[PDB]
Amino acid sequence: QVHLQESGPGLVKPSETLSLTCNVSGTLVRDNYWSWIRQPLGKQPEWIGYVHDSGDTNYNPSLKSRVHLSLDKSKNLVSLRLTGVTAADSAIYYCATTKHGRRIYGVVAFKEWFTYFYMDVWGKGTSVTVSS
Amino acid sequence: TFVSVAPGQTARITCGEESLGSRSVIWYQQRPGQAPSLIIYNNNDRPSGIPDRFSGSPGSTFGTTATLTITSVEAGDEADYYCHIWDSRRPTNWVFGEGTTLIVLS
Amino acid sequence: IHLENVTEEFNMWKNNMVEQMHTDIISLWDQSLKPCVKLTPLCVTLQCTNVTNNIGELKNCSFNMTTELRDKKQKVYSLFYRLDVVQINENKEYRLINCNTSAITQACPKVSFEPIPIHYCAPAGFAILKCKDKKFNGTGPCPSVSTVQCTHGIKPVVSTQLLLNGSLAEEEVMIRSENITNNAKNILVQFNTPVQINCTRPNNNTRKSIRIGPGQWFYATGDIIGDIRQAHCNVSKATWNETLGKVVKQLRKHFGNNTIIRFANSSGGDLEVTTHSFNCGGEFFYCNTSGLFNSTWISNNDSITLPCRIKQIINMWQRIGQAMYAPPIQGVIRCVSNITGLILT
Amino acid sequence: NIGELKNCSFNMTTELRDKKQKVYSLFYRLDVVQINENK
Ligand SMILES: *[C@@H]1O[C@H](CO)[C@@H](O[C@@H]2O[C@H](CO)[C@@H](O[C@@H]3O[C@H](CO[C@H]4O[C@H](CO)[C@@H](O)[C@H](O)[C@@H]4O)[C@@H](O)[C@H](O[C@H]4O[C@H](CO)[C@@H](O)[C@H](O)[C@@H]4O[C@H]4O[C@H](CO)[C@@H](O)[C@H](O)[C@@H]4O)[C@@H]3O)[C@H](O)[C@H]2NC(C)=O)[C@H](O)[C@H]1NC(C)=O
Ligand SMILES: *[C@@H]1O[C@H](CO)[C@@H](O[C@@H]2O[C@H](CO)[C@@H](O[C@@H]3O[C@H](CO[C@H]4O[C@H](CO)[C@@H](O)[C@H](O)[C@@H]4O)[C@@H](O)[C@H](O[C@H]4O[C@H](CO)[C@@H](O)[C@H](O)[C@@H]4O)[C@@H]3O)[C@H](O)[C@H]2NC(C)=O)[C@H](O)[C@H]1NC(C)=O
Ligand SMILES: *[C@@H]1O[C@H](CO)[C@@H](O[C@@H]2O[C@H](CO)[C@@H](O[C@@H]3O[C@H](CO)[C@@H](O)[C@H](O[C@H]4O[C@H](CO)[C@@H](O)[C@H](O)[C@@H]4O)[C@@H]3O)[C@H](O)[C@H]2NC(C)=O)[C@H](O)[C@H]1NC(C)=O
Ligand SMILES: *[C@@H]1O[C@H](CO)[C@@H](O[C@@H]2O[C@H](CO)[C@@H](O[C@@H]3O[C@H](CO)[C@@H](O)[C@H](O)[C@@H]3O)[C@H](O)[C@H]2NC(C)=O)[C@H](O)[C@H]1NC(C)=O
Ligand SMILES: CC(=O)N[C@@H]1[C@@H](O)[C@H](O[C@@H]2O[C@H](CO)[C@@H](O)[C@H](O)[C@H]2NC(C)=O)[C@@H](CO)O[C@H]1O
Ligand SMILES: *[C@@H]1O[C@H](CO)[C@@H](O[C@@H]2O[C@H](CO)[C@@H](O)[C@H](O)[C@H]2NC(C)=O)[C@H](O)[C@H]1NC(C)=O
Ligand SMILES: CC(=O)N[C@@H]1[C@@H](O)[C@H](O)[C@@H](CO)O[C@H]1O
Ligand SMILES: CC(=O)N[C@@H]1[C@@H](O)[C@H](O)[C@@H](CO)O[C@H]1O
Ligand SMILES: CC(=O)N[C@@H]1[C@@H](O)[C@H](O)[C@@H](CO)O[C@H]1O
Ligand SMILES: CC(=O)N[C@@H]1[C@@H](O)[C@H](O)[C@@H](CO)O[C@H]1O
Ligand SMILES: *[C@@H]1O[C@H](CO)[C@@H](O)[C@H](O)[C@H]1NC(C)=O
Ligand SMILES: *[C@@H]1O[C@H](CO)[C@@H](O)[C@H](O)[C@H]1NC(C)=O
Ligand SMILES: *[C@@H]1O[C@H](CO)[C@@H](O)[C@H](O)[C@H]1NC(C)=O
Ligand SMILES: *[C@@H]1O[C@H](CO)[C@@H](O)[C@H](O)[C@H]1NC(C)=O
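Chains D, K, H and G, in that order, are what the protein sequence lines are.
Residue numbering for the first sequence is 1 to 82, 82A to 82C, 83 to 100, 100A to 100P, 101 to 113, as defined by the entry's author numbering.
Residue numbering for the second sequence is 5 to 6, 11 to 66, 66A to 66C, 67 to 95, 95A to 95C, 96 to 106, 106A, 107, as defined by the entry's author numbering.
Residue numbering for the third sequence is 84 to 137, 151 to 185, 185A, 188 to 309, 312 to 323, 323A, 324 to 398, 411 to 455, as defined by the entry's author numbering.
Residue numbering for the fourth sequence is 137, 151 to 185, 185A, 188 to 189, as defined by the entry's author numbering.
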């Protein structure tokens, strides 16, 4: 059983850079695809982005210029760096193990297919607000 | 948005907008205080540990929204049901669709 | 009538029966469009964007159209293939690609152009002589001759690179040319076996009609149900390779028994001369075909998938000023043909 | 200097029904009549 342990201060100043860590145990962070999700209170979850290796990463376009993801295989940790934090970024942040599947709708040779993602392993989440 | 279900009754949960193209719906149930937990992926694939009472609508249709049927609802199934949707004719959704609270009337 | 002890000289390159078939097909094609609604009223400026999909073959365009009353206007939008639309304002502004050159006429949706076989019959005072020589090469003396009043039924199939619904050679692949050695001439190859080709337009389309005047209707593509996919053709791979092997064995008769034969794809130019094209299901398909001519044959189940493009405004007989517009076809198109031969240079 | 040909301009159609062009050309006076008895 993989244990995902989200951690951070729980409070970051406005107009500040936020850095959260997911301590991964029971698996190697480099072999899995990792993703971050956040859930503002009263809202459905939002994806932040995903990270793995070989350039295969992606970001929520609204956060693309603000978020940087990284996996440190020597610590077996997933890092989440979000800059420019404001009140709107108050959310529970979650660490999850993401699996990738494929759906084919056309000819294949014409790339008429797509990859889809789902999250099998979830942490507990870390509640982080933004406040003076 | 919620559905009121007496224990043993079937929940009828919907999520998202109408399909344009081939779709892959992934459903999660989030119990209060918990991270969302995956129940269905790829429209009707249930990961090991997920009961057969959880059954999703097909992605072969168009003009339809996602639907989740939960039969024999138990008190332990009380959760917020959210969906993430992939659609060949729409841009990637980086967010979840608004969910439905499943309230068990026990 | 078999003609005992009768021989005659034939020349398929000087055969005026061909000339009439050509002349008459064109005349009927044109006659069939005479009662149909003209689309010259559609030469308007269109505002246009892409058709929604996830990430552009199809264009989503809109314009200010006339109505049943001359003093009224309506907003009309429709789906177009990009191949029929040209950008002018280098939404962006576009015009139909043929408004600077031709009148465009909508084909009546009720009239079929299916290549129904017909027989050609001689008038009184005339007779048609025919060959029974299975090895006849389209020219010179024909050792076995018989006569008929009427030819067999011939399907007026219109195509470019491949012949999809003709006759097969009686015994062996026959290769005929006016000269073979003259590089200015074509070589026609008649297969002695069919090759199955399966073509489709894998998009469930809808159509709507627009009243643009007094009983004047325009048929517009509505939208696409489900996924948007490219048109294509499936050619039996094993069959195709066996077929080419036979063609090469026969081609070598004029090039040398150990001469290497290579099949390369087409030269550049307009789709009507660089691609394989056909009319099926009412749509005009243009297929890349390079997957069929990509091999070298040296002396001593699966399929080939060919992407295809679709156009609606067709300069059917390679003439200028007379364009036909193919109204949208609803549903999904599936066509199966017999490749019976090739035109090679 | 000190009238057979006239320089007439007008609002002409183009290949598109939404566009207009200013066109001028020469005409012989025998083919043209004044209506507003540039004129
Ligand atoms: C020229 O030749 C090529 C090559 O054969 C041919 O391409 C093929 O076209 C077909 C067109 O339908 C494509 O078919 C799709 O394939 C995907 C993937 O296949 C899976 O299932 C098969 C079953 O035996 C397995 O063998 C294979 O390994 C995979 O597991 C299917 O998933 C598609 O069906 C689903 O999606 C459709 C999308 O609209 C739905 O309509 C359909 O009902 C299915 O969805 C539903 O059932 C699923 C079952 O598990 C479920 O998961 C879904 O959520 C949903 O409920 C479909 O079969 C095929 O892949 C193409 N192959 C390639 C390599 O291109 C060309 O079409 C052909 N052209 C001509 C002119 O003939
Ligand atoms: C090379 O030669 C082959 C073989 O002759 C041609 O292929 C055939 O082409 C015809 C003409 O397009 C095809 O017939 C079409 O079938 C469509 C669907 O019919 C279904 O339902 C009938 C009911 O009895 C069944 O018999 C049939 O099998 C199908 O199940 C029709 O919709 C088509 O037109 C009719 O409906 C439309 C609807 O609006 C009307 O507008 C029309 O007037 C008409 O009523 C038509 O009948 C036939 O299926 C083709 N066969 C194959 C194997 O493809 C090739 O097209 C030809 N090659 C080329 C390039 O032309
Ligand atoms: C809607 O459109 C978007 C944009 O087109 C599309 O997202 C794209 O999906 C492709 C994959 O299908 C992503 O491509 C990745 O790019 C990284 C960069 O190096 C690669 O490493 C990835 O490799 C994976 O797939 C390979 C396939 O052979 C595997 O071999 C390899 O091991 C990896 O599994 C992959 O190429 C592309 O970056 C995204 N782009 C964006 C902006 O998301 C989206 O999925 C479409 N959605 C639907 C429903 O159609
Ligand atoms: C581009 O393609 C679309 C269809 O694929 C063309 O039609 C447009 O479709 C959208 C979605 O169905 C229509 O939006 C509608 O808005 C009303 C607002 O209250 C809403 O109630 C409906 O449920 C729907 O969302 C849109 O109006 C419709 N456009 C027209 C003119 O009917 C679109 O026109 C195409 N664009 C071009 C330039 O061709
Ligand atoms: C059957 C017949 O008449 N074939 C013609 C060829 O003979 C003719 O051949 C050309 O003859 C020229 C005479 O000087 C040669 O220079 C030329 O290389 C030669 N070309 C070929 C392909 O043999 C060709 C082309 O003029 O036309 C045939 O119809
Ligand atoms: C074109 O479509 C036809 C119809 O599906 C294909 O013919 C079938 O091929 C399968 C292959 O095992 C046979 O089992 C079926 O019995 C065939 N149908 C009939 C009616 O004979 C045909 O092969 C396709 N051609 C190509 C090139 O894919
Ligand atoms: C139906 C339609 O598109 N009509 C537009 C009109 O709305 C627009 O205001 C005008 C120029 O501003 O050009 C017309 O073609
Ligand atoms: C409507 C249209 O396509 N007009 C074309 C123009 O785009 C093309 O550039 C020119 C020759 O290049 O010939 C015109 O007929
Ligand atoms: C039917 C036939 O074979 N016709 C001619 C033959 O008469 C001629 O002698 C030869 C070249 O000499 O070219 C063949 O095509
Ligand atoms: C090409 C041409 O004549 N255009 C004129 C325009 O210059 C004039 O301003 C307008 C009325 O004022 O009437 C148009 O026909
Ligand atoms: C076929 O597709 C290839 C892809 O590179 C293209 O280069 C070629 O010109 C195409 N053939 C035709 C006839 O368009
Ligand atoms: C088609 O021709 C190109 C030319 O280099 C070749 O690379 C390609 O592999 C050929 N296609 C196939 C299927 O071999
Ligand atoms: C296209 O979608 C309509 C929706 O009702 C359906 O009835 C029709 O049969 C579909 N056509 C094809 C070829 O799937
Ligand atoms: C191909 O020719 C054979 C000859 O009998 C015929 O039966 C078959 O239906 C033809 N197929 C097509 C697709 O025309």
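Just so it is clear, CB atoms sit at the ideal spot from N, CA and C, and this is done for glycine as well.
Can you say whether residue i is buried or exposed, counting buried as having 16 or more other CB atoms within 10 angstroms of its CB?
i         : result
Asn195/H  : buried
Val446/H  : exposed
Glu381/H  : buried
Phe223/H  : exposed
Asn386/H  : buried
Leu80/D   : buried
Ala336/H  : exposed
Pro438/H  : buried
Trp47/D   : buried
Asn32/D   : buried
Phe6/K    : exposed
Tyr173/G  : exposed
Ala200/H  : exposed
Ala85/D   : exposed
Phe100N/D : buried
Using C-beta distances below 7 Å, list every residue in its chain close to residue i, excluding the 5 sequence neighbours before and after it, in chain order.
i        : result
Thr66C/K : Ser27
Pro313/H : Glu164
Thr162/H : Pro124, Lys169, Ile309 and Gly312
Using a C-beta to C-beta distance shorter than 8 Å, which residues of chain D count as neighbours of residue i?
i        : result
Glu100/K : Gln44
Give every residue of the same chain whose Cβ lies closer than 6 Å to the Cβ of residue i, excluding the five residues on either side of it in the sequence, and list them in chain order.
i        : result
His85/H  : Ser243
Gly99/K  : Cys23, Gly24 and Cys88
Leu154/H : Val134 and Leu175
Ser158/G : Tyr173
Looking only at its own chain, which residues have a Cβ that is under 8 Å from the Cβ of residue i, when we skip the five neighbours before and after it?
i        : result
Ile420/H : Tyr177, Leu179, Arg298, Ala329, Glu381, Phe382, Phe383 and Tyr384
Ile184/H : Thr128, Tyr191 and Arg192
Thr95B/K : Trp91
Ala362/H : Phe391 and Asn392
For residue i, go through chain H and note every residue whose CB falls closer than 8 Å to its CB, in chain order.
i             : result
residue 137/K : With chain K represented from 5 up to 107, any question about residue 137/K goes unanswered, as that position is not in the structure.
Identify the contact partners of residue i in chain K, using a Cβ-Cβ distance below 8 Å as the criterion.
i        : result
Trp36/D  : Those do not exist, as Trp36/D stays about 11 Å from chain K at its closest Cβ, beyond 8 Å.
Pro61/D  : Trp96
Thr135/H : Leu28, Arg94 and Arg95
Can you give me the C-alpha to C-alpha distance between residue i and residue j, rounded to a whole angstrom?
i        : j        : result
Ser365/H : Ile453/H : 14 Å
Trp103/D : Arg31/K  : 24 Å
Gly24/K  : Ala43/K  : 20 Å
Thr341/H : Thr450/H : 11 Å
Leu41/D  : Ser306/H : 50 Å
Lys252/H : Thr455/H : 24 Å
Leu369/H : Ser70/D  : 49 Å
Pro240/H : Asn279/H : 26 Å
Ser19/D  : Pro61/D  : 19 Å
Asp107/H : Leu116/H : 15 Å
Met100/H : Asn302/H : 41 Å
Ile58/K  : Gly321/H : 42 Å
Residue i versus chain H: which residues are under 7 Å apart at the beta carbon?
i        : result
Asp180/G : Going along chain H, no residue has its Cβ under 7 Å from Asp180/G, so there is no contact; the nearest lies around 28 Å.
Chain D partners of residue i, CB-CB under 9 Å?
i        : result
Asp322/H : The premise fails here: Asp322/H is roughly 17 Å from chain D at the closest Cβ pair, so nothing lies under 9 Å.
Quick one: which chain K residues come within Cβ less than 7 Å of residue i?
i       : result
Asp56/D : Those within 7 Å of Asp56/D in chain K number zero; the least Cβ separation is about 15 Å.
Give the residues of chain G in contact with residue i, contact being defined as C-beta atoms less than 7 Å apart.
i        : result
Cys378/H : Correct list: empty, because the minimum Cβ distance to chain G is about 32 Å.
(message) Could you tell me which whole beta strand (DSSP E) segments of length 3 or greater appear in the stretch 197-269 of chain H?
(response) Assignment of beta strand (DSSP E) within the stretch 197-269 of chain H, counting only whole runs of 3 or more residues, yields 200-203, 225-228, 236-239 and 242-245 in chain order.
(message) Just to confirm the assignment: which complete beta strand (DSSP E) runs, minimum length 3, are found wholly within the stretch 8-72 of chain D?
(response) 16-25, 33-39, 46-51 and 67-72
(message) Quick check for students: name the residue ranges of the alpha helix (DSSP H) that lie wholly in the stretch 326-379 of chain H, counting only runs of 4 or more.
(response) 335-349 and 369-372
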